[PDB]
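Chain nomenclature is as follows: A, B, C, D, E, F, G, H and I, assigned in order of appearance, with residue numbering initiated at 1 for each chain independently.
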Amino acid sequence: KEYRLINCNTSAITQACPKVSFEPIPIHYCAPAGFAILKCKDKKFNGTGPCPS
Amino acid sequence: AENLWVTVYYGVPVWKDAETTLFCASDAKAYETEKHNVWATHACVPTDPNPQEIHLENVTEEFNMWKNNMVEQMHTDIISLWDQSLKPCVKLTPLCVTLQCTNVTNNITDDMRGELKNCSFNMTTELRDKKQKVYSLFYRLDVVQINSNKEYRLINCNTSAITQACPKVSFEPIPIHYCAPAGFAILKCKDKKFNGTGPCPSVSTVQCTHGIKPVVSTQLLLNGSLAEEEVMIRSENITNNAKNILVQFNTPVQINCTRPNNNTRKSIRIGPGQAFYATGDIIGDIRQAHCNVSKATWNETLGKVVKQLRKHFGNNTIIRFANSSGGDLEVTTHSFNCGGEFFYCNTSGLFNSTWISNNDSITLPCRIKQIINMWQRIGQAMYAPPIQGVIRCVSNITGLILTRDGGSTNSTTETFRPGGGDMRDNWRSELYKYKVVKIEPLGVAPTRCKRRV
Amino acid sequence: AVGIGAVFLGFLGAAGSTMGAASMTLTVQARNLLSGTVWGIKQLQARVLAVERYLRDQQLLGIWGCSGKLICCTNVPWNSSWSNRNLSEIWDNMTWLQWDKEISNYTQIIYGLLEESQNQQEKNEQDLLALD
Amino acid sequence: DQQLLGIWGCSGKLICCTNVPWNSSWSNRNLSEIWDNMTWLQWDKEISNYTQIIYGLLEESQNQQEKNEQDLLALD
Amino acid sequence: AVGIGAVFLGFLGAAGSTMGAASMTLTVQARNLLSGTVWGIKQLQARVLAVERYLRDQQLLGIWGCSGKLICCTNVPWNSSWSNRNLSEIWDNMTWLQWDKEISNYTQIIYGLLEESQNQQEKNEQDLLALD
Amino acid sequence: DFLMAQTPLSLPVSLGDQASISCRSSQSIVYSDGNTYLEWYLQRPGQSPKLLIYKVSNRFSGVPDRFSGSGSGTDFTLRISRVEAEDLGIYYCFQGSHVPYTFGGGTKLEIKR
Amino acid sequence: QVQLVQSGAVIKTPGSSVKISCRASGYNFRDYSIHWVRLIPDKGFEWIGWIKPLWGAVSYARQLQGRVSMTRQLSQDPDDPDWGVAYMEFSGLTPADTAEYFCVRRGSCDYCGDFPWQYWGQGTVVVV
Amino acid sequence: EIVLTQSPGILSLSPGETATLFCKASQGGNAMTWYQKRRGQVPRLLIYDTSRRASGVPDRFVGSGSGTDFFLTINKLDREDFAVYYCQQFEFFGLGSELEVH
Amino acid sequence: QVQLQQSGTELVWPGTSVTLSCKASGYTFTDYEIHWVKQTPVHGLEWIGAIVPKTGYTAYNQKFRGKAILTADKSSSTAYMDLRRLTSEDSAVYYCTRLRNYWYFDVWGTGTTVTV
C-alpha cells in the first residue's frame, strides 16, 4: 500500500504561517474625497427600487 | 502711449525641446483577446478613436532622428515588458543534466549533417523518489559535446539559467500608440522628402502616435511603414562608414517563410504542478526550413535603390553588394520570429550582384534555434516551446539596414554589406517623423494699456 | 468638409500666426495643459509632475496681480532697451516663437520687477485703506 | 473645476454672475417656482440636456468682456 | 562679502524680527512652500501630501474673501478679549512665534466668523445686484 | 498624408444599373467629432463639380435618393441605385477631415456598350 | 580608468598568420567599438577595421579583405561584467607587414564621434 | 576619397615659442582630429571635433579652421611639446609633421 | 443669385504673375470659408488653399507653398488669389468654392482656365 497527496500531481502547495489567524475583524469601507456612500434606512426593502428613508 | 506697459499672457502657444516619458495605448480588440495571452495589455491603456492631428502653418522646425530620445526609453520599455512576460513563467533549473543523444531516424548522408538529435535522459517526476527516462529531439545548435561513447548537454547550462516561455503568451506584434501626458506635445514632419536632419516646413502636432508594430529583425526590417513615392535612404553622416544606413524603400516586397516539418509536442511533468514541452515525434518527410522572395520584384527594387544611392556617391560610380562579413550567427543573417518560433535564415542569395553606371523566385535556407539570448544579456536566457503542425508566414519586407565598407586606396566600386547590430536601428526607422516638446506657458510682451486702481 | 476655422481654434493651432491674432485663443492651450503593476508608478509621477507645473504657474500668477484673468496688466513700463521694436510691427509681424527667442535673455529681471511693483502696490493699498 | 471657474469670470467667489441672458426655451418655468419648489436633483435632470452650450457661451461672453476691458484700458 | 540683506530676504530669515518688518516678505515663504524601485512611493506620497496641504490652504483662502492677494482684510472687528494688547506694541515688539502661542487658543472661532461674515457679504452683494 | 485610393477610376455602365465605388483611405480619417468627413463630387466635363454626397450617409439637398454612401474607417463605398445620363461626369472621393485636403483620382462615369 | 593590455612582440615567418589579443578592462565592454590600426614606418598610419562586441559585428578595410579576421569574447558572469577580449587574426603575412599594431577605443563624450580614438593600447610590433 | 596633406613638413623652432601646423583636405564639410606622438611612446589625442580638447590637454593647444583649411596652433612650446603630429579625418591620415627643437 | 462671380479666362506667359478674383454674390461674405480647387486634365482635382473671409487667415497646400497667395476684400466681398512666377502646369481650371465649418461645398463658381 502506497499513497500520495492529491494535489501533488497537479499543483503546488503552501503551508500557512501559524502566526497569522483566520478570525474576522470588522472592515469599515470608506470612500475617498469626492464620493459619498448612501444607506437605505427603510425597514422593508426587498433589494431593488426606491427607498425613501 | 509711449509708456509701453509689459503684460503677461498665460497659455502662449510656444514650446521647447525636452525629454520625458510616454503613454502606452492600444485598441480594445487586444482586450477582446482574453486571459493576458497578449502581452502589453496589463499596462497598455485602451486607445481612443479619431485622435486629434491638426496642421500648423508658416512653421520651421528642425528635427533629428539621431539625437532623438524616445527610442531610448522605448528600447528600455520593450525589454522591460519582455521581462514582465517571464516572471509568471517556469524555470528549467532541474533540466540541465547529462544527455544521451544520438542521430535521428533517417537515411543519413555521411558528408552532410542532420540537424535533429534524439536525446534520452533522466528526469524527476511528480514524486521525489521516482526517477524517469524521457527522450526528445533537439537541434544541433543547442547541445554541445562533453567528455568512446557520446554525451551532450545544453550550451547555456554551464553559464546561465534558463526559462521556458509560457505557451499562453504570443509573440505577434500589436500596434502600440505612444502618447504624451498633459503639458507636452508630439510633433510630426509631414514632408515628403526628409533625410532625417534639419528643418521641416510641413509639420503638424498630434496627441498620440500612429500604429507601430514591434518586430525583431536583425536585418531586413519587416512589416514596417513604407515611403510615400520615392525610395528614401537616411543616415546620420554618410561619409562616416561605421554609422549604418537605413533604406526605406517604397513598394513592399512579399516573402514566404516556412518550416515544412510536421511537429508533435510532448508534455513533461517536471515536478509538483510543473510542466515542460518538448519536441516529440516528427511525422512525414524530414525537410529543411526556408524562405522565398520574388525575383523580378527584388531586381526592380534594387534598381530603385541603386538609382537613389548614386546621388550621394558620384554619378559615375560602380556599386555592388556582398554578404555580411561575419560575427554572431544572428547578425550574419536576418533573424525573425514567425508564429512564435525563431528563424536565422541565410541571406547570401540576395546581396550578390553588381551595378554599372550605364516566374522564378529566390530561395534561401534557414536554421531554427530554440534557446536564445536576445539583446545579449549576462545570465538571462530563454527557451522557446515547440509548436504544432507546419508553420508558414507571409510578411511585407519594408526596409534595409546597410553599411558601406572601409574602402580607401583608389577604389571606384563602393560595395555594401547588410549589418544591423543594434535593434535601435529598427526602432529609429519608425519614430523618425516625431519628436517631443514641452509647453511653457506665460509668455510676456509690451502693449499700450495701464492697469487702473 | 470640416472647416478651417476649427483647426485654427484647435490646440496649438495659432502657433504660426501673428501674436495679435494668436491673442484670440488661450483657453484651449490652458485646458489642454491640465489633464487632457510597475507602470502606474511612471504614470503617477508624470501626472503629479504635470500638476506640480500647473501649481507653479498658478502661484506665479498668484503672487502677481492677476489670478484667473488670463490677460493682465501691471505698473512697470517697458524698457525700450529690451526690445527697441515698433509697436505696430510686433503684433502684426512676429510669431510667439521668435518673440520668445528675442526676449529670452531678459528673464528673471521682469519677474522680480513684477514682484516688487505689486508688493509696493500692496503696501500702498494697505496704507490707503488704513487711513480710511 | 477650479480651471473651469478660472476661465470663467469668477475664481473664489463661489456665487457668480455673467452677461448672457437665460434662454426661456431652456426652462420656460416661472421665476417664483424654481427657487421655492424644486430640488437640485430634478433641476439637474431638467437642464441636463442643455449642457456644453452654456459652457461655451460663458467662455465666449467673457472672452469678449476681456477684449472690451483691454480696449477700455488701452484707450485710457 | 555676500551682504546681510540677502539672508534677511532668505527663506525663513525674518522669523526673529518683529511682525511689522516681517510683513515685508511673504513671497519667499510661499514659493518655498510649494515645490522647491520602492522609494519613489514614499517620494510620491510626500509630494502629494505637500500639494494636498497647499490646496487646503488655497481653499481656506478661497472660501474667504481673498484668493491671490496674500494680504487681506475683512468685516469682523477684533475682540479685545482675545488680545488686550496695545496697537503700537504688537507690530514693533513681538515675533510671530510668540504671537502664535498667544492667539493659539482662539482658533476655529475666527475661521467660522470669517466664513459667516463673507457669506453674509455674498448674500448682500447678490441682493444689491439683484435690485439693480 | 491621408491619401485616398479610389477604385474604380472610370465607370462604364449601362443605364438603370447600380454603381459602387470603393475609395479606401490610408487609415482612419475620422475627425474628433466622430464624423468621417468624406465627400463625393460630380464634375461634368465642361461644368462645375456638383456635390453628390457629403457626410457619407447623407445626400446633397436636391441630389436624389438614387445616390447613397456607406463605408467606414478605411473602406468607403459610394452607391447609386440607377445610373443616368444626367449622372454623367467624374466622381470624386475627397478627404474633408484635415488640412491639407486630398482628392481621389475621380471616376469618369460613361456608358458601356 | 581604462586599461588596454595587448600582448608583446613576436616574429613570424612569411605567409603565416599572427594572432593578437587585446584585453580591455575598466568599462562596460558591451557598449563601445574596438578599432584596430597599424603603423608602418615611412608609411604613416593605416586603418584596419572595427568590431562591435555586442554581436561581433565587424567591418574590414577594403584593401585587406580576405586576410584579416576579428573575433571577441565577452565575460559572462554576474561578478565581472567589465573585462572583454578582442582578437585579431591577420593572415597571409608578407615582410612588408612588419608594423606596430594598436587596439583603440573612442572617447565617451556626447559630441564624441567614433574615430577620435581616446584610449590606446601599448602597441604590438610584429616583424616578418 | 578623402586625401590629407600637411603643409609645414618639418618645422624647427626654439622652445617657449608659438607654432602653427596646417592641414588640408580634399573634401570640405567634416571635422578634423589631431594626434600627438612622441618618440617611442603611445600616441595621444589632442583635438577632436576640430576645436575640442581631450582629457589632460592644457589649453595652449588651439585647433581651428574651416572648409578644407585647418589650423593647429600651439602657444608657449614646452620641450615635451616637440613631437610628431598627425591629422586624421575618418579613416585617412596625414603623413605627419615633425616639430623640432632648433 | 448665390454665385461665385469669378474672374476672366487668363492666357499668360511663363514666369508672370496674375490675380484671380471671386466675388461672393447673394449672401453674407464675412463668414463662409473660401477654398480653391485646381483642375488639371492630368491630375483631376487638387486642393489649393483656403482663406477665412473675416480674419484673412490662410492655409496653403505644401505643393502651392509660395505658389499661391490668398487675399480677401471685405469691402468688395471678393477673394483674390495671386499666382506668381507661372509655369505650364498652372494651365488649369481654378474653381472658387465656399463652405461653412463642419459642412459641405454648396456653391460652385464658373471655373477659370489659366493657360501658361
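In this section, a contact is a pair of C-beta atoms (placed from the backbone, for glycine too) under 8 Å apart; a residue touches a chain by one contact, two chains touch by 3 or more.
S.K.: Identify the chain whose mean C-alpha position lies nearest to the mean of all protein C-alpha atoms shown.
M.R.: The most central chain here turns out to be B.
S.K.: Roughly how far is chain E from chain H, going centre to centre by Cα mean, in whole Å?
M.R.: For chain E versus chain H, the centre distance works out to 67 Å.
S.K.: Starting from the mean Cα coordinates of chain B and chain F, work out the distance between those two points in Å.
M.R.: Whole-Å distance between the two chain centres: 40.
S.K.: Using Cα averages as centroids, what's the distance between chain A and chain D in whole Å?
M.R.: Comparing mean C-alpha positions, chain D is 47 Å from chain A.
S.K.: Could you list the positions in chain B whose residues touch two or more of the other chains?
M.R.: Residues 52, 54-55, 57, 190, 240-241, 406-409, 411, 447-451.
S.K.: Please output the residue numbers of chain E that touch at least 2 other chains, ranges allowed.
M.R.: As it turns out, chain E has residues touching two or more other chains at 67.
S.K.: Specify, in ascending order, the residues of chain G that touch 2 or more different other chains.
M.R.: Chain G, residues with two or more chain partners: 47, 61, 113, 115.
S.K.: By the document's touch rule, what are all the touching chain pairs in this structure?
M.R.: Going through each pair of chains, those in contact are A-B, B-C, B-D, B-F, B-G, B-H, B-I, C-D, C-E, C-F, C-I, D-E, F-I, G-H.
S.K.: Give every residue of chain F touching chain I within the complex, in rising order.
M.R.: Residues 33, 35, 39, 41, 43, 48-51, 54-55, 60-61, 90, 92, 94, 96, 99-103, 105-106 of chain F touch chain I in their complex.
S.K.: Which residues, counting only chain I, touch chain C once they are in their complex?
M.R.: Of all residues in chain I, those touching chain C are 33, 50, 52, 55, 57, 59, 99-105.
S.K.: Quick check: in the complex, which residue numbers of chain B touch chain D?
M.R.: 447-452
S.K.: Taking the complex as given, what residues does chain C use to touch chain I?
M.R.: Per the touch definition, chain C meets chain I at residues 1-6, 8, 17, 21.
S.K.: Where on chain H does chain G make contact in their complex?
M.R.: Chain H reaches chain G through residues 31, 33, 42-45, 48-49, 52, 54-55, 86, 88, 90-96.
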